[PDB]
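Below is start37.csv, which holds CSV, C-alpha atoms.
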```csv
chain,number,residue,atom,x,y,z
R,1,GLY,CA,0.0,0.0,0.0
R,2,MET,CA,2.0,2.9,1.4
R,3,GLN,CA,5.5,3.2,2.9
R,4,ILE,CA,6.6,4.8,6.2
R,5,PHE,CA,9.9,6.1,7.5
R,6,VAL,CA,10.3,5.1,11.2
R,7,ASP,CA,13.0,7.4,12.8
R,8,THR,CA,14.6,5.5,15.7
R,9,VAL,CA,16.3,8.1,18.0
R,10,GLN,CA,18.5,7.0,20.9
R,11,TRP,CA,19.0,10.1,23.1
R,12,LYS,CA,20.1,8.5,26.4
R,13,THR,CA,22.8,8.5,29.1
R,14,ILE,CA,25.2,5.4,29.7
R,15,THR,CA,27.3,4.8,32.9
R,16,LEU,CA,30.9,3.4,33.0
R,17,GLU,CA,33.9,3.6,35.4
R,18,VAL,CA,37.4,5.0,34.9
R,19,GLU,CA,40.7,5.7,36.7
R,20,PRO,CA,42.5,9.2,37.1
R,21,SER,CA,45.8,7.8,35.8
R,22,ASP,CA,44.2,6.5,32.6
R,23,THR,CA,44.5,8.5,29.3
R,24,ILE,CA,41.4,10.0,27.5
R,25,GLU,CA,42.3,7.7,24.6
R,26,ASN,CA,41.2,4.7,26.9
R,27,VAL,CA,37.8,6.4,27.6
R,28,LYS,CA,36.9,6.9,24.0
R,29,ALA,CA,38.4,3.4,23.2
R,30,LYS,CA,36.4,1.6,25.9
R,31,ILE,CA,33.1,3.3,24.9
R,32,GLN,CA,34.0,2.3,21.3
R,33,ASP,CA,34.8,-1.3,22.6
R,34,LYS,CA,31.7,-1.8,24.8
R,35,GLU,CA,28.9,0.4,23.2
R,36,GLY,CA,30.3,0.7,19.7
R,37,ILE,CA,30.7,4.5,20.0
R,38,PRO,CA,33.1,5.7,17.2
R,39,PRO,CA,35.4,8.3,19.0
R,40,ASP,CA,36.3,10.6,16.0
R,41,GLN,CA,32.8,10.2,14.4
R,42,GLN,CA,31.2,11.1,17.7
R,43,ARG,CA,33.1,14.0,19.2
R,44,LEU,CA,33.2,14.2,23.0
R,45,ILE,CA,33.0,17.4,25.3
R,46,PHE,CA,33.5,16.8,29.1
R,47,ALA,CA,32.3,19.5,31.6
R,48,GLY,CA,32.6,22.1,28.9
R,49,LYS,CA,36.0,21.2,27.5
R,50,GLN,CA,37.1,19.1,24.4
R,51,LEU,CA,39.2,16.1,25.2
R,52,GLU,CA,42.9,15.6,23.9
R,53,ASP,CA,43.9,11.9,23.7
R,54,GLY,CA,47.4,12.5,25.2
R,55,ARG,CA,45.9,13.8,28.5
R,56,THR,CA,44.8,11.8,31.6
R,57,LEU,CA,41.4,11.8,33.4
R,58,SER,CA,43.0,13.7,36.3
R,59,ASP,CA,44.3,16.3,33.8
R,60,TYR,CA,40.7,17.6,33.5
R,61,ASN,CA,39.8,16.5,37.0
R,62,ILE,CA,37.2,13.9,36.2
R,63,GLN,CA,35.4,13.6,39.5
R,64,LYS,CA,32.6,11.0,40.2
R,65,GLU,CA,29.1,11.0,38.6
R,66,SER,CA,30.5,13.5,36.0
R,67,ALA,CA,28.7,14.1,32.7
R,68,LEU,CA,30.2,13.8,29.2
R,69,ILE,CA,28.3,14.9,26.0
R,70,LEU,CA,28.6,12.9,22.8
R,71,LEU,CA,28.0,15.0,19.7
R,72,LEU,CA,27.8,13.0,16.3
R,73,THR,CA,29.7,14.1,13.1
R,74,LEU,CA,29.1,17.8,12.6
R,75,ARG,CA,32.1,19.2,10.6
F,1,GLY,CA,37.9,4.5,40.3
F,2,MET,CA,35.2,7.1,39.6
F,3,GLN,CA,32.0,6.3,37.5
F,4,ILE,CA,30.9,8.7,34.8
F,5,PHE,CA,27.9,9.2,32.5
F,6,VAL,CA,28.3,9.4,28.7
F,7,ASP,CA,25.3,11.0,27.0
F,8,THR,CA,24.8,9.3,23.6
F,9,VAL,CA,22.9,10.4,20.4
F,10,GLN,CA,22.3,7.7,17.8
F,11,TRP,CA,19.5,8.6,15.2
F,12,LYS,CA,18.6,6.4,12.2
F,13,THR,CA,15.7,6.5,9.7
F,14,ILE,CA,14.2,3.0,8.7
F,15,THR,CA,11.9,2.4,5.7
F,16,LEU,CA,9.1,-0.2,5.6
F,17,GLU,CA,5.8,-0.6,3.7
F,18,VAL,CA,2.5,-1.1,5.4
F,19,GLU,CA,-1.2,-1.4,4.3
F,20,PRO,CA,-4.1,1.1,5.2
F,21,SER,CA,-6.2,-1.9,6.3
F,22,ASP,CA,-3.5,-3.2,8.8
F,23,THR,CA,-3.2,-2.4,12.5
F,24,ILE,CA,-0.4,-0.4,14.2
F,25,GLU,CA,0.6,-3.6,16.1
F,26,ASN,CA,1.7,-4.8,12.6
F,27,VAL,CA,4.2,-1.9,12.4
F,28,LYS,CA,5.1,-2.6,16.0
F,29,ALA,CA,5.9,-6.3,15.3
F,30,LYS,CA,7.9,-5.2,12.1
F,31,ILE,CA,10.3,-2.8,14.0
F,32,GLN,CA,10.4,-5.3,16.9
F,33,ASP,CA,11.4,-8.2,14.4
F,34,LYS,CA,13.9,-6.1,12.4
F,35,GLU,CA,16.0,-4.4,15.1
F,36,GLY,CA,14.3,-5.8,18.3
F,37,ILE,CA,12.8,-2.3,18.9
F,38,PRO,CA,10.5,-2.9,22.0
F,39,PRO,CA,7.2,-0.8,21.8
F,40,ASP,CA,7.0,-0.9,25.7
F,41,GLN,CA,10.6,0.4,25.9
F,42,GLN,CA,10.4,2.8,22.9
F,43,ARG,CA,6.9,4.2,21.9
F,44,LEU,CA,6.4,5.6,18.3
F,45,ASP,CA,5.4,9.3,17.7
F,46,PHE,CA,3.6,10.8,14.7
F,47,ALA,CA,3.3,14.6,14.3
F,48,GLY,CA,3.2,14.9,18.2
F,49,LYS,CA,0.7,11.9,18.6
F,50,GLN,CA,1.4,8.3,19.9
F,51,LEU,CA,0.5,5.4,17.6
F,52,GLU,CA,-1.8,3.1,19.8
F,53,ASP,CA,-1.1,-0.4,18.5
F,54,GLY,CA,-4.9,-1.3,18.6
F,55,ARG,CA,-5.6,1.3,16.0
F,56,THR,CA,-5.5,1.0,12.2
F,57,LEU,CA,-3.1,2.8,9.6
F,58,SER,CA,-6.1,4.3,7.8
F,59,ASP,CA,-7.4,5.4,11.2
F,60,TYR,CA,-4.4,7.9,11.3
F,61,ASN,CA,-4.7,8.5,7.4
F,62,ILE,CA,-1.1,7.4,7.0
F,63,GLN,CA,0.6,8.6,3.7
F,64,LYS,CA,3.3,6.9,1.7
F,65,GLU,CA,6.8,7.8,2.9
F,66,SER,CA,5.2,9.2,6.2
F,67,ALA,CA,7.9,10.0,8.9
F,68,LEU,CA,7.3,8.9,12.5
F,69,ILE,CA,9.9,9.3,15.4
F,70,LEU,CA,10.3,6.6,18.0
F,71,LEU,CA,10.8,8.2,21.4
F,72,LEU,CA,12.1,6.4,24.5
F,73,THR,CA,9.6,4.7,27.0
F,74,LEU,CA,7.2,7.7,27.7
F,75,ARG,CA,3.5,6.6,27.6
N,1,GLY,CA,45.3,20.9,14.9
N,2,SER,CA,43.8,24.3,15.6
N,3,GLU,CA,45.1,26.8,18.3
N,4,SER,CA,45.4,30.4,16.9
N,5,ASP,CA,41.6,30.6,16.1
N,6,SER,CA,40.5,32.7,19.2
N,7,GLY,CA,41.7,36.2,18.2
N,8,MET,CA,42.9,39.0,20.5
N,9,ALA,CA,40.3,41.2,22.3
N,10,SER,CA,41.6,40.8,26.0
N,11,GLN,CA,37.9,40.2,27.2
N,12,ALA,CA,35.5,39.2,24.3
N,13,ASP,CA,37.7,36.2,23.4
N,14,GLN,CA,36.4,34.0,26.3
N,15,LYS,CA,32.7,35.1,25.7
N,16,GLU,CA,32.6,34.4,21.9
N,17,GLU,CA,34.4,31.0,22.5
N,18,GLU,CA,32.0,30.1,25.4
N,19,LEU,CA,28.9,30.9,23.2
N,20,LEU,CA,30.7,29.1,20.2
N,21,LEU,CA,31.1,26.1,22.5
N,22,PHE,CA,27.4,26.3,23.4
N,23,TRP,CA,26.7,26.5,19.6
N,24,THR,CA,29.2,23.5,19.2
N,25,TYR,CA,26.7,21.5,21.4
N,26,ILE,CA,23.4,22.7,19.8
N,27,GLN,CA,24.7,22.6,16.2
N,28,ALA,CA,26.2,19.1,16.3
N,29,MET,CA,23.2,18.0,18.5
N,30,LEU,CA,20.6,19.2,15.9
N,31,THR,CA,22.8,17.9,13.0
N,32,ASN,CA,21.5,14.4,13.9
N,33,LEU,CA,19.1,14.9,16.9
N,34,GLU,CA,16.9,17.2,14.7
N,35,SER,CA,14.0,17.5,17.3
N,36,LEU,CA,14.2,18.9,20.9
N,37,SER,CA,12.5,21.3,23.3
N,38,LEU,CA,14.2,24.6,24.2
N,39,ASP,CA,14.2,23.2,27.8
N,40,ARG,CA,16.5,20.3,26.7
N,41,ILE,CA,19.3,22.5,25.1
N,42,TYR,CA,18.6,25.0,28.0
N,43,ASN,CA,19.4,22.3,30.6
N,44,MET,CA,22.5,21.3,28.6
N,45,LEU,CA,23.9,24.9,28.1
N,46,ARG,CA,23.2,25.6,31.8
N,47,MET,CA,25.0,22.3,32.8
N,48,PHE,CA,28.1,23.4,30.8
N,49,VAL,CA,27.7,27.0,32.0
N,50,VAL,CA,27.6,26.1,35.8
N,51,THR,CA,30.4,23.5,35.6
N,52,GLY,CA,32.9,26.2,34.6
N,53,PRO,CA,33.2,30.1,35.0
N,54,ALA,CA,31.3,30.4,31.6
N,55,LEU,CA,29.7,33.9,31.8
N,56,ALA,CA,29.4,33.4,35.6
N,57,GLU,CA,26.2,31.5,34.6
N,58,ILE,CA,23.8,32.7,31.8
N,59,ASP,CA,20.1,33.6,32.1
N,60,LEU,CA,16.7,33.0,30.4
N,61,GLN,CA,16.9,36.2,28.2
N,62,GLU,CA,20.5,35.1,27.1
N,63,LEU,CA,19.6,31.5,26.2
N,64,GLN,CA,16.1,32.3,24.8
N,65,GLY,CA,17.6,35.3,23.1
N,66,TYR,CA,20.3,33.0,21.6
N,67,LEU,CA,17.6,30.7,20.1
N,68,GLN,CA,15.7,33.9,19.1
N,69,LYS,CA,18.7,35.2,17.2
N,70,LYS,CA,19.2,31.8,15.4
N,71,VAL,CA,15.5,31.8,14.3
N,72,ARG,CA,15.8,35.5,13.1
N,73,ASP,CA,19.1,34.5,11.3
N,74,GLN,CA,17.2,31.4,9.8
N,75,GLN,CA,20.0,29.3,11.5
N,76,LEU,CA,17.2,27.6,13.6
N,77,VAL,CA,13.8,26.2,12.6
N,78,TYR,CA,11.1,26.5,15.2
N,79,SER,CA,8.6,23.6,14.7
N,80,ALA,CA,5.5,23.2,16.9
N,81,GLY,CA,7.0,24.7,20.1
N,82,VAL,CA,10.1,22.6,19.5
N,83,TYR,CA,13.5,23.5,18.0
N,84,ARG,CA,15.5,21.8,15.1
N,85,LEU,CA,18.2,22.9,12.6
N,86,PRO,CA,17.4,23.9,9.0
N,87,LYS,CA,19.1,20.8,7.5
N,88,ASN,CA,17.5,22.0,4.3
N,89,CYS,CA,17.9,25.7,3.0
N,90,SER,CA,14.5,25.6,1.3
```

Structure encoded using structure tokens:
Amino acid sequence: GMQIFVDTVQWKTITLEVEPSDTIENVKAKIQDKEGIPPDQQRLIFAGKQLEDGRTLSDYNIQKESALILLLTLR
Amino acid sequence: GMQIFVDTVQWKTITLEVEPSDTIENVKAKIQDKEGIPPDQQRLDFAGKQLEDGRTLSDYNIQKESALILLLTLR
Amino acid sequence: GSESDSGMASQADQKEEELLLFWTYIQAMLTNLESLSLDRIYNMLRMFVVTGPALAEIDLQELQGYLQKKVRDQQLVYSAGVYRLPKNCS
């Protein structure tokens, strides 16, 4: 008869653990590993700062219950 | 260590065909078969109105290539 | 590999870059998540405004006025009381 486009949106928060002495590359790698979140395709901003791979969690002072935003491919 | 929250966006548009004479529970079973999209966990929205599974496609006057956004479990 | 793209104003630098960061959220957000209430992106901007010294926290008129500007610039589409980016020009 007639077709439909069903737009499945997943706007949702996930929870993981991490250590202060780990690098950021590990965080983006472990969310890639577990959830299938592509790090460079889905650009991360933590507490209002963009994450450099070479830095540690403690470098930005990742405290507990902290929130990271995942933005998909913009530009 | 400390446990953090990563707020994920993943949007995808699916395409199926349906009949005017069919029920909405048909479309439900289709998305639920294809990607395991659970109606109870993720309810469908159409121009700001929820598709009740007991209703018919023609009951909503569904057009070909009509776009409907599946929102997370919210009545 | 970008560093020198900030300018020199000795004041307005931080402000522009804070608002541009807020726009880095809402732009990339609506690029895929093309359907959300003002209250959603309000809650997000306010999260990332309070976590840092960003404008010493914004206000309604600032954030609402930010959306208002975008709509009046045609860089935002206002649907039925809900915001989304003009992913089409016409």

For chain F, which residue out of R:41, R:66, R:73, R:26 is the nearest one, using all atoms listed in the file?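 Among R:41, R:66, R:73, R:26, it is R:66 that comes nearest to chain F.
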
Could you jot down the atom CA of residue 13 of chain F to atom CA of residue 70 of chain R separation for me, Å, one decimal place? 19.5 Å

Coordinates-based distance that separates atom CA of residue 50 of chain F from atom CA of residue 38 of chain N (Å, one decimal): 21.2 Å

Only residues of chain N matter here; which ones have an atom within 12 Å of chain F, counting all atoms listed in the file? Give them as a PyMOL selection string. chain N and resi 25+28-36+44+79-82

Quick one: everything within 8 Å of segment 59-72 of chain N, counting only C-alpha atoms, minus sequence neighbours fewer than 3 positions away in the same chain. Send it as a list in words.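 Listing them by chain and then by number gives residues 38, 42, 75, 76, 77 and 78 of chain N.
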
Within 8 Å of chain R, which residues of chain F show up when using all atoms listed in the file, listed as number ranges by chain? F: 1-20, 62-72

Okay, now the selection with C-alpha atoms, as a tab-separated table (two decimals), in the coordinates of the input?
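File result-v6.tsv, as written:
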```tsv
chain	number	residue	atom	x	y	z
F	1	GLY	CA	37.90	4.50	40.30
F	2	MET	CA	35.20	7.10	39.60
F	3	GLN	CA	32.00	6.30	37.50
F	4	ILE	CA	30.90	8.70	34.80
F	5	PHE	CA	27.90	9.20	32.50
F	6	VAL	CA	28.30	9.40	28.70
F	7	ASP	CA	25.30	11.00	27.00
F	8	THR	CA	24.80	9.30	23.60
F	9	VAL	CA	22.90	10.40	20.40
F	10	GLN	CA	22.30	7.70	17.80
F	11	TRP	CA	19.50	8.60	15.20
F	12	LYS	CA	18.60	6.40	12.20
F	13	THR	CA	15.70	6.50	9.70
F	14	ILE	CA	14.20	3.00	8.70
F	15	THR	CA	11.90	2.40	5.70
F	16	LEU	CA	9.10	-0.20	5.60
F	17	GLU	CA	5.80	-0.60	3.70
F	18	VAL	CA	2.50	-1.10	5.40
F	19	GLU	CA	-1.20	-1.40	4.30
F	20	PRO	CA	-4.10	1.10	5.20
F	62	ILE	CA	-1.10	7.40	7.00
F	63	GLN	CA	0.60	8.60	3.70
F	64	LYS	CA	3.30	6.90	1.70
F	65	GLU	CA	6.80	7.80	2.90
F	66	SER	CA	5.20	9.20	6.20
F	67	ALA	CA	7.90	10.00	8.90
F	68	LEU	CA	7.30	8.90	12.50
F	69	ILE	CA	9.90	9.30	15.40
F	70	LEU	CA	10.30	6.60	18.00
F	71	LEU	CA	10.80	8.20	21.40
F	72	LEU	CA	12.10	6.40	24.50
```

Taking only residues of chain R that have an atom at most 6 Å from an atom of chain N, what is each one's shortest atom pair and its distance in Å to one decimal, using only C-alpha atoms, in chain and number order, as CSV?
```
residue,atom,partner,partner_atom,distance
R:47,CA,N:48,CA,5.8
R:48,CA,N:48,CA,5.1
R:71,CA,N:28,CA,5.6
R:74,CA,N:28,CA,4.9
```

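Across the structure, atom CA of residue 61 of chain F and atom CA of residue 28 of chain F are spaced 17.1 Å apart.
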
Tell me which residues come within 12 Å of (11.3, -3.7, 18.5), as a ChimeraX atom specification, counting all atoms listed in the file in the file's coordinates. /R:6,8 /F:25-44,70,72

Could you list as an NGL selection string every residue that has an atom within 9 Å of (43.7, 13.5, 32.7), using the file's coordinates and counting all atoms listed in the file? :R and (20-24 or 54-62)
